Each structure stands twice: as structure tokens, then as C-alpha cells.
>>> print(open('run.tsv').read())   # TSV, C-alpha atoms and all ligand atoms
chain	number	residue	atom	x	y	z
T	1	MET	CA	109.41	100.50	120.29
T	2	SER	CA	111.93	103.26	121.15
T	3	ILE	CA	110.52	105.71	123.77
T	4	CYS	CA	111.42	109.41	124.20
T	5	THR	CA	113.08	110.72	127.41
T	6	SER	CA	111.38	113.19	129.83
T	7	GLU	CA	113.75	116.03	128.68
T	8	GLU	CA	112.81	115.60	124.96
T	9	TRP	CA	109.01	115.98	125.28
T	10	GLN	CA	109.21	118.63	128.07
T	11	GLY	CA	111.64	120.56	125.82
T	12	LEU	CA	109.14	120.26	122.93
T	13	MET	CA	106.31	121.40	125.31
T	14	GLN	CA	108.40	124.54	126.16
T	15	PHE	CA	109.34	125.16	122.45
T	16	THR	CA	107.99	128.29	120.71
T	17	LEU	CA	108.24	128.76	116.90
T	18	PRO	CA	109.82	132.07	115.66
T	19	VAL	CA	107.46	134.71	114.09
T	20	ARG	CA	109.10	134.76	110.59
T	21	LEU	CA	108.32	131.02	110.09
T	22	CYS	CA	104.55	131.36	110.84
T	23	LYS	CA	103.89	133.05	107.46
T	24	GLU	CA	106.25	130.73	105.46
T	25	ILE	CA	104.90	127.38	106.90
T	26	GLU	CA	101.55	128.20	105.11
T	27	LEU	CA	103.15	128.02	101.68
T	28	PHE	CA	103.32	124.83	99.60
T	29	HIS	CA	106.95	125.49	98.53
T	30	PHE	CA	108.21	125.82	102.17
T	31	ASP	CA	111.43	123.80	102.80
T	32	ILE	CA	111.88	122.56	106.43
T	33	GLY	CA	115.58	121.81	105.55
T	34	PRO	CA	117.31	124.71	107.37
T	35	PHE	CA	115.41	124.27	110.72
T	36	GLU	CA	116.24	120.73	111.96
T	37	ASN	CA	115.93	121.50	115.73
T	38	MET	CA	112.49	123.07	115.03
T	39	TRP	CA	110.94	120.03	113.19
T	40	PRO	CA	109.01	118.57	116.22
T	41	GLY	CA	107.80	122.11	117.04
T	42	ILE	CA	106.76	122.78	113.43
T	43	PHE	CA	104.53	119.66	113.58
T	44	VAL	CA	103.00	120.73	116.99
T	45	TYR	CA	102.32	124.17	115.38
T	46	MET	CA	100.65	122.69	112.28
T	47	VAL	CA	98.46	120.38	114.44
T	48	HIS	CA	97.48	123.33	116.72
T	49	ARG	CA	96.66	125.58	113.71
T	50	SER	CA	94.69	122.93	111.78
T	51	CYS	CA	93.03	121.07	114.70
T	52	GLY	CA	93.19	123.42	117.70
T	53	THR	CA	95.37	123.80	120.85
T	54	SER	CA	93.00	121.58	122.90
T	55	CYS	CA	92.41	118.89	120.16
T	56	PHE	CA	95.08	116.80	121.93
T	57	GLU	CA	96.43	116.91	125.49
T	58	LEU	CA	99.81	118.77	125.08
T	59	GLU	CA	101.82	116.22	127.14
T	60	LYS	CA	100.46	113.20	125.16
T	61	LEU	CA	101.12	114.97	121.81
T	62	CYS	CA	104.73	115.90	122.79
T	63	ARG	CA	105.47	112.33	124.05
T	64	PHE	CA	103.90	110.96	120.81
T	65	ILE	CA	105.98	113.21	118.45
T	66	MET	CA	109.28	112.65	120.29
T	67	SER	CA	108.83	108.82	120.27
T	68	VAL	CA	107.72	108.90	116.57
T	69	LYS	CA	111.06	110.73	115.76
T	70	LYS	CA	113.01	108.07	117.75
T	71	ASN	CA	111.39	105.30	115.71
T	72	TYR	CA	112.58	106.65	112.33
T	73	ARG	CA	115.96	105.14	111.32
T	74	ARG	CA	119.12	107.10	110.33
T	75	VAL	CA	118.64	106.05	106.68
T	76	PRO	CA	119.52	108.42	103.76
T	77	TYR	CA	115.95	109.21	102.65
T	78	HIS	CA	113.07	107.43	104.49
T	79	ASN	CA	113.82	109.24	107.73
T	80	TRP	CA	112.45	111.83	110.22
T	81	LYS	CA	113.15	114.72	107.77
T	82	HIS	CA	111.02	112.93	105.14
T	83	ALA	CA	108.19	112.35	107.70
T	84	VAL	CA	108.04	116.09	108.54
T	85	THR	CA	108.23	117.19	104.87
T	86	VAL	CA	105.22	114.91	104.08
T	87	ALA	CA	103.28	116.21	107.15
T	88	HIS	CA	103.98	119.87	106.07
T	89	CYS	CA	102.68	119.26	102.52
T	90	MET	CA	99.47	117.70	104.06
T	91	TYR	CA	99.14	120.80	106.27
T	92	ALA	CA	99.35	123.09	103.16
T	93	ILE	CA	96.70	120.98	101.29
T	94	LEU	CA	94.41	120.90	104.37
T	95	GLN	CA	94.80	124.67	105.02
T	96	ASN	CA	93.85	125.46	101.38
T	97	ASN	CA	90.85	123.03	101.39
T	98	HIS	CA	89.95	123.25	105.15
T	99	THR	CA	86.15	122.71	105.24
T	100	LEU	CA	86.23	119.83	102.68
T	101	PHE	CA	87.65	117.64	105.47
T	102	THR	CA	86.23	116.85	108.89
T	103	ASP	CA	88.09	117.64	112.17
T	104	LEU	CA	88.73	113.87	112.56
T	105	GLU	CA	90.17	113.54	108.99
T	106	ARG	CA	92.52	116.59	109.37
T	107	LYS	CA	93.81	115.16	112.74
T	108	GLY	CA	94.08	111.66	111.28
T	109	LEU	CA	95.91	112.78	108.06
T	110	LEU	CA	98.50	115.03	109.77
T	111	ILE	CA	99.32	112.11	112.16
T	112	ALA	CA	99.29	109.49	109.34
T	113	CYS	CA	101.75	111.65	107.36
T	114	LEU	CA	104.19	111.90	110.30
T	115	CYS	CA	103.93	108.11	110.87
T	116	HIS	CA	103.71	106.91	107.23
T	117	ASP	CA	107.29	105.51	106.92
T	118	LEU	CA	107.90	104.64	110.67
T	119	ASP	CA	110.83	102.20	111.16
T	120	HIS	CA	111.66	102.22	107.38
T	121	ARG	CA	114.91	100.29	106.60
T	122	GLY	CA	115.69	101.79	103.18
T	123	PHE	CA	114.45	98.64	101.42
T	124	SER	CA	111.58	98.36	98.92
T	125	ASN	CA	108.54	96.01	99.12
T	126	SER	CA	109.90	94.10	96.06
T	127	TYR	CA	113.17	93.33	97.95
T	128	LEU	CA	111.17	91.88	100.91
T	129	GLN	CA	108.61	90.08	98.64
T	130	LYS	CA	111.30	88.01	96.80
T	131	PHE	CA	113.93	86.99	99.39
T	132	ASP	CA	110.95	86.43	101.75
T	133	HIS	CA	111.97	88.48	104.81
T	134	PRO	CA	109.69	87.91	107.93
T	135	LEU	CA	107.79	91.18	107.07
T	136	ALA	CA	106.62	89.88	103.65
T	137	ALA	CA	105.31	86.63	105.29
T	138	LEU	CA	103.29	88.75	107.84
T	139	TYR	CA	102.14	91.20	105.08
T	140	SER	CA	101.86	89.68	101.55
T	141	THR	CA	101.00	93.09	99.90
T	142	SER	CA	101.90	96.75	100.84
T	143	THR	CA	104.51	95.12	103.18
T	144	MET	CA	106.27	98.12	104.66
T	145	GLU	CA	102.99	100.14	104.79
T	146	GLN	CA	101.24	97.55	106.99
T	147	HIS	CA	104.39	97.61	109.19
T	148	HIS	CA	104.29	101.48	109.34
T	149	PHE	CA	100.62	101.29	110.51
T	150	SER	CA	101.50	98.53	113.06
T	151	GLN	CA	104.30	100.84	114.39
T	152	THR	CA	101.87	103.82	114.55
T	153	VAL	CA	99.42	101.77	116.77
T	154	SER	CA	102.31	100.45	118.96
T	155	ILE	CA	103.47	104.09	119.56
T	156	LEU	CA	99.86	105.09	120.50
T	157	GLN	CA	99.82	102.06	122.92
T	158	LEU	CA	102.89	103.44	124.87
T	159	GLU	CA	102.13	104.92	128.37
T	160	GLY	CA	100.79	108.48	128.01
T	161	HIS	CA	101.21	108.48	124.20
T	162	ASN	CA	97.56	107.79	123.23
T	163	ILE	CA	96.57	111.20	121.77
T	164	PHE	CA	93.16	109.83	120.55
T	165	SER	CA	91.98	108.33	123.93
T	166	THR	CA	89.67	111.32	124.53
T	167	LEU	CA	87.67	110.60	121.30
T	168	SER	CA	84.40	108.58	121.48
T	169	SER	CA	84.71	104.80	120.82
T	170	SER	CA	83.16	105.37	117.34
T	171	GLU	CA	85.48	108.36	116.50
T	172	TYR	CA	88.58	106.43	117.80
T	173	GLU	CA	87.98	103.46	115.45
T	174	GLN	CA	87.16	105.97	112.63
T	175	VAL	CA	90.47	107.88	113.17
T	176	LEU	CA	92.53	104.60	113.13
T	177	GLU	CA	90.75	103.52	109.91
T	178	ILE	CA	91.46	106.97	108.30
T	179	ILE	CA	95.17	106.51	109.35
T	180	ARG	CA	95.37	102.88	108.18
T	181	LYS	CA	93.89	103.62	104.69
T	182	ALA	CA	96.09	106.78	104.43
T	183	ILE	CA	99.35	104.91	105.24
T	184	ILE	CA	98.38	101.98	102.87
T	185	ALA	CA	97.73	104.56	100.06
T	186	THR	CA	101.47	105.60	100.29
T	187	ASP	CA	102.37	102.16	98.74
T	188	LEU	CA	103.26	103.55	95.25
T	189	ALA	CA	102.05	100.19	93.74
T	190	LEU	CA	98.41	101.31	94.59
T	191	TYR	CA	98.72	104.86	93.28
T	192	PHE	CA	98.45	104.01	89.52
T	193	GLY	CA	95.06	102.32	89.86
T	194	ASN	CA	93.89	104.99	92.34
T	195	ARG	CA	94.72	107.92	90.02
T	196	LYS	CA	93.07	106.14	87.00
T	197	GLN	CA	89.80	105.57	88.92
T	198	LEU	CA	89.94	109.23	90.10
T	199	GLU	CA	90.62	110.48	86.54
T	200	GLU	CA	87.54	108.52	85.31
T	201	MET	CA	85.27	109.72	88.22
T	202	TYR	CA	86.27	113.38	87.62
T	203	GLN	CA	86.07	113.19	83.78
T	204	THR	CA	82.55	111.63	83.68
T	205	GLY	CA	81.36	113.85	86.57
T	206	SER	CA	80.79	110.77	88.80
T	207	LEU	CA	83.19	112.02	91.52
T	208	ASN	CA	81.34	112.63	94.77
T	209	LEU	CA	83.09	113.59	98.06
T	210	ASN	CA	79.97	112.56	100.14
T	211	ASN	CA	80.56	109.00	98.76
T	212	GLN	CA	83.00	107.33	101.28
T	213	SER	CA	84.68	105.14	98.62
T	214	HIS	CA	85.34	108.33	96.50
T	215	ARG	CA	86.52	110.19	99.64
T	216	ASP	CA	88.94	107.30	100.51
T	217	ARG	CA	90.39	107.56	96.95
T	218	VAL	CA	90.85	111.41	97.11
T	219	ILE	CA	92.58	111.04	100.50
T	220	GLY	CA	94.83	108.38	98.91
T	221	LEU	CA	95.85	110.74	96.07
T	222	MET	CA	96.53	113.48	98.67
T	223	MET	CA	98.81	110.93	100.49
T	224	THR	CA	100.79	110.25	97.24
T	225	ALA	CA	101.05	114.02	96.50
T	226	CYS	CA	102.48	114.67	100.04
T	227	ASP	CA	104.79	111.58	99.84
T	228	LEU	CA	106.18	112.85	96.47
T	229	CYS	CA	106.47	116.55	97.51
T	230	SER	CA	110.29	116.87	97.22
T	231	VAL	CA	109.54	117.09	93.43
T	232	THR	CA	107.67	120.38	94.29
T	233	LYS	CA	110.54	122.17	96.05
T	234	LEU	CA	113.16	124.57	94.57
T	235	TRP	CA	115.57	122.75	92.19
T	236	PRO	CA	118.67	122.75	94.58
T	237	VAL	CA	116.51	121.10	97.34
T	238	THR	CA	114.84	118.64	94.86
T	239	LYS	CA	118.30	117.70	93.40
T	240	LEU	CA	119.88	117.10	96.87
T	241	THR	CA	116.85	114.99	98.00
T	242	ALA	CA	117.12	112.91	94.77
T	243	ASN	CA	120.74	112.04	95.84
T	244	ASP	CA	119.30	110.62	99.16
T	245	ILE	CA	116.59	108.63	97.33
T	246	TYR	CA	119.26	107.04	95.08
T	247	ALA	CA	121.72	106.47	98.01
T	248	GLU	CA	119.02	104.11	99.43
T	249	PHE	CA	118.26	102.58	95.99
T	250	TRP	CA	122.00	101.83	95.31
T	251	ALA	CA	122.48	100.41	98.88
T	252	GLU	CA	119.56	98.02	98.08
T	253	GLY	CA	121.38	97.06	94.86
T	254	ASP	CA	124.63	96.55	96.87
T	255	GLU	CA	122.91	94.23	99.41
T	256	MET	CA	121.29	92.37	96.45
T	257	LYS	CA	124.80	91.98	94.84
T	258	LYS	CA	126.28	90.64	98.17
T	259	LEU	CA	123.43	88.03	98.10
T	260	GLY	CA	124.21	87.11	94.44
T	261	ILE	CA	121.33	88.95	92.70
T	262	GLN	CA	121.57	91.59	89.92
T	263	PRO	CA	119.62	94.83	90.66
T	264	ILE	CA	117.50	96.98	88.24
T	265	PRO	CA	119.30	100.12	86.70
T	266	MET	CA	117.65	102.50	89.26
T	267	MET	CA	119.23	100.44	92.10
T	268	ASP	CA	122.58	99.96	90.29
T	269	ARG	CA	125.29	102.47	91.40
T	270	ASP	CA	127.33	101.50	88.31
T	271	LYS	CA	124.47	102.97	86.23
T	272	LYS	CA	124.37	106.59	87.65
T	273	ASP	CA	124.38	107.93	84.02
T	274	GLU	CA	120.79	106.73	83.50
T	275	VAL	CA	119.40	108.64	86.53
T	276	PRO	CA	118.30	111.93	84.71
T	277	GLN	CA	116.42	109.80	82.11
T	278	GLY	CA	114.84	107.72	84.98
T	279	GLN	CA	113.75	110.93	86.77
T	280	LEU	CA	112.16	112.39	83.56
T	281	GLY	CA	110.36	109.03	83.17
T	282	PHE	CA	109.22	109.25	86.85
T	283	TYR	CA	107.92	112.82	86.52
T	284	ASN	CA	106.03	112.12	83.27
T	285	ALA	CA	104.46	108.77	84.31
T	286	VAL	CA	104.00	109.29	88.11
T	287	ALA	CA	104.52	112.88	89.46
T	288	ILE	CA	102.96	115.13	86.72
T	289	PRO	CA	99.77	112.94	86.46
T	290	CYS	CA	99.48	112.83	90.31
T	291	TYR	CA	99.59	116.64	90.72
T	292	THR	CA	97.44	117.15	87.52
T	293	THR	CA	94.60	114.98	88.92
T	294	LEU	CA	94.97	116.48	92.40
T	295	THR	CA	94.70	120.06	90.93
T	296	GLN	CA	91.56	118.92	89.02
T	297	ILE	CA	89.91	117.66	92.27
T	298	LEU	CA	91.32	120.35	94.63
T	299	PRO	CA	92.08	123.56	92.54
T	300	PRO	CA	93.89	125.40	95.45
T	301	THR	CA	96.67	122.67	95.09
T	302	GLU	CA	97.78	124.04	91.62
T	303	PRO	CA	101.16	125.47	93.00
T	304	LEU	CA	102.32	121.85	93.62
T	305	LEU	CA	101.71	120.99	89.90
T	306	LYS	CA	103.50	124.22	88.80
T	307	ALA	CA	106.57	123.47	91.02
T	308	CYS	CA	106.64	119.85	89.75
T	309	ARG	CA	106.48	121.22	86.10
T	310	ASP	CA	109.49	123.51	86.84
T	311	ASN	CA	111.52	120.53	88.18
T	312	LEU	CA	110.59	118.39	85.11
T	313	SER	CA	112.05	121.29	83.05
T	314	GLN	CA	115.28	121.13	85.21
T	315	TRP	CA	115.62	117.32	84.59
T	316	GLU	CA	115.10	117.97	80.80
T	317	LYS	CA	117.96	120.58	80.90
T	318	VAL	CA	120.24	117.96	82.68
T	319	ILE	CA	119.45	115.46	79.82
T	320	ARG	CA	120.31	117.93	76.97
T	321	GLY	CA	123.62	118.80	78.74
T	322	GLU	CA	122.63	122.39	79.77
X	401	LIG	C1	112.68	106.54	88.98
X	401	LIG	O1	112.51	107.44	90.09
X	401	LIG	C2	111.82	106.98	91.20
X	401	LIG	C3	111.38	105.59	91.33
X	401	LIG	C4	110.63	105.22	92.50
X	401	LIG	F1	110.16	103.98	92.64
X	401	LIG	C5	110.31	106.12	93.53
X	401	LIG	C6	110.69	107.45	93.46
X	401	LIG	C7	111.47	107.93	92.26
X	401	LIG	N1	111.87	109.29	92.13
X	401	LIG	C8	111.51	110.18	93.03
X	401	LIG	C9	111.94	111.55	92.80
X	401	LIG	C10	110.73	109.82	94.26
X	401	LIG	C11	110.21	110.54	95.34
X	401	LIG	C12	110.21	112.00	95.67
X	401	LIG	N2	109.54	109.61	96.13
X	401	LIG	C13	109.66	108.44	95.62
X	401	LIG	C14	109.08	107.30	96.32
X	401	LIG	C15	107.63	107.19	96.52
X	401	LIG	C16	107.20	106.02	97.23
X	401	LIG	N3	108.10	105.03	97.72
X	401	LIG	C17	109.48	105.17	97.57
X	401	LIG	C18	110.04	106.30	96.85
X	401	LIG	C19	111.57	106.34	96.75
X	401	LIG	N4	110.34	108.43	94.47
X	402	CL	CL	110.74	100.17	116.16
X	403	MG	MG	106.61	104.59	102.37
X	404	ZN	ZN	107.20	108.23	102.30
>>> encode(input="run.tsv", output="C-alpha cells")
Amino acid sequence: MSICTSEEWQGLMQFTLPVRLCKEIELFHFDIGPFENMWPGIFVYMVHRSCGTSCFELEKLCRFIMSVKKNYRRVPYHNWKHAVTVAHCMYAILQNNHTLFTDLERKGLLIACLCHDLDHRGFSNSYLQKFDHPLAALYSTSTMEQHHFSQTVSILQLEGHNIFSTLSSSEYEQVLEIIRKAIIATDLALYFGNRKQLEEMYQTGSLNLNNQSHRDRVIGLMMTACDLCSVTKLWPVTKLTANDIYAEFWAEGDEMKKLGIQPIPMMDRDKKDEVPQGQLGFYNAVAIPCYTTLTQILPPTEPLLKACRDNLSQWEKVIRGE
């Protein structure tokens, strides 16, 4: 594991967020894009506002964040910027549904979101579970997600990085379990079944947040919603992020080609023309249903569904040639 320097965390400790950002960070639509240097500080701020200034020891939190950043790779999409975008969306959901979640869950989710794609290499689970890379042998299913959780624990195990050490033995194992299930939920393969079960529970009136299995599922859907959140930004931001997503997809197709294997259209750079149709397909089958079910369970999350609907409309315009 890569460790942060003394200057990085001490600098973060000293960091103060400008006044104008305080109001904007509360909004679902907020884009972290223009404030790169402020990203670690934005996370500290969100943790302090949701959990409290004394929830974690400042020094441990700043060492933890700075080492988490160092363990994200310089890949086009599944990087540090993605981690912070996902954490911000979680913050907006938690702020708008505050008392539905325990202090331990809010702490656990904000941390899980920042750590959810730790050490990502820009390669899918399918790629690993085919050309049997060591990771797929270690983790048969949700390959990268089990690795992201393993990396989260290894960062906590670094000297003076354990932010949860002050919790009781029961609360510490609970927080890790919240984190583990949250990170596993970000395996898109699991989302489809999770949303269907949630749709059924809500529709029949079976859904019950005091039921731990129901609670685990709702958290899971929140994880997908935060993971997918670039589809809820303003069109220029959404469009530019989509270019990073496909840069990784095409690079996977390129590595497949070098190894003598034909990639799917989505991962084929010689098939760029099919992208708008693939995105419409993605919004209709994955994104729109995700935000629709989430809005049903947590009504204050409706602006995410509206923003996703606007971007679906922008992909439709691209298709018709407008
Ligand atoms: C066909 O269009 C896609 C296929 C796909 F599989 C994943 C896609 C995706 N289009 C978008 C916009 C997108 C966003 C924001 N996030 C993800 C995502 C979620 C989980 N794991 C990896 C990715 C890339 N996707
Ligand atoms: Cl690493
Ligand atoms: Mg992931
Ligand atoms: Zn992700």
C-alpha cells in the first residue's frame, strides 16, 4: 500500500474550505470538477458536517484520506476524481435523509464511497474472470469489489490510519460489515437483482427499513445511485465523463486485441458510432430504473432522477442528429 507523506496530511489538516462552496456542496447537482486541490478537504468537510468534528481523530482522518488518494491509479475514469464524486453524492443523499441512517451507517457509507474503487486498473470483472488473472482466482465473483474492500482494510491497518479504532469492538465489526456490503453492492452485476427485489418490496408494501436484509438492499441501491451519479450532472460534465468511461473501455478492448481476443462493441474503439445508442440503452435499462426506485424509497432524492431524465433527453438528441 502507498502511504501519504507528512506534508500531505498536515496540509490537509490546515486546509479550510471557501465560504461560497459550503452552500453548493449541499446540492445533488454539485460538480467537484473545477476544485481539484480542494477534493481531500471537501471530503473532510462532508464527514465533519454529516458525522461531527470529533467523530474521527483529525490526524488519523487526514492520514487516511491522503493515503486513499495515493492508492487510486492515474486511469481515465476509475480514479480519485470518481471516488470523490461518489462520496459527494452519498453526502447529498445522507443530508436529505439524515435520521433514516444511524451515525455508524453515515460514517461507514461516506468512507465506503471514497474507497469503493481503490487500486482500480481500468479493467472489468469479465476481463479478469476469463483470462484468469490472480485476482479472479482469489475472488471468483465481484472480483474488483472484494479487492477494493481488501485495500480499504489494508489502508486502515497502516500506522495511525485506523479512523475506527475508537469505536467499541461490536461497532468496529459493524462498520466494516456496512463498508464491505456497500463496496460489494457497487458490482453492477448485483444491481439488477437488487433493484428488482426492492421494486417488489416497495410495490407490495413489504419494504421495511427496520428489517436488516431490507436495509442492506436500500444501502446497496444508494451505492449504485452514487456510483452512477455522473449521469445526474449538467450535460457538458456528463458528456466529458462519458469520454473517460469509454477511454477505459476501449483500452480494455485494445489489450484484448493484443492478446488475440475480439472485444464487445462498447469496448471496441473502431465502433465509436454505436456509443450514443449504447448510452440510451444504459440509461433506459440501468440508470432511469435505479433513480426511479431510489426516488420511490427516498423521495428527497428526486433531483437525481430529474437530472438523469434530462441527460437521457440529451443522448436522444445526439441520436436524432440534433
Ligand atoms: C453502455 O454504457 C455503460 C456500460 C457499463 F457497463 C457501465 C457504465 C455505462 N455507462 C455509463 C454512463 C456508466 C457510469 C456513469 N458508470 C458506469 C459503471 C458502473 C459500474 N462499473 C463500471 C462502470 C463503467 N457506467
Ligand atoms: Cl495498492
Ligand atoms: Mg467499481
Ligand atoms: Zn465506481
>>> residues_near_ligand(input="run.tsv", ligand="ligand LIG 401 (chain X)", cutoff="7 Å", atoms="all atoms listed in the file", output="ChimeraX atom specification")
/T:186-188,227-231,242,245,266,278-279,281-282
>>> residues_near_ligand(input="run.tsv", ligand="ligand MG 403 (chain X)", cutoff="9 Å", atoms="all atoms listed in the file", output="JSON, numbers by chain")
{"T": [78, 116, 117, 118, 120, 124, 144, 145, 148, 183, 184, 186, 187, 188, 227]}
>>> closest_residue(input="run.tsv", among="T:41, T:122, T:276, T:134", to="ligand ZN 404 (chain X)", atoms="all atoms listed in the file")
T:122
>>> closest_residue(input="run.tsv", among="T:56, T:72, T:28, T:164", to="ligand CL 402 (chain X)", atoms="all atoms listed in the file")
T:72
>>> closest_residue(input="run.tsv", among="T:312, T:95, T:59, T:248", to="residue 163 of chain T", atoms="only C-alpha atoms")
T:59
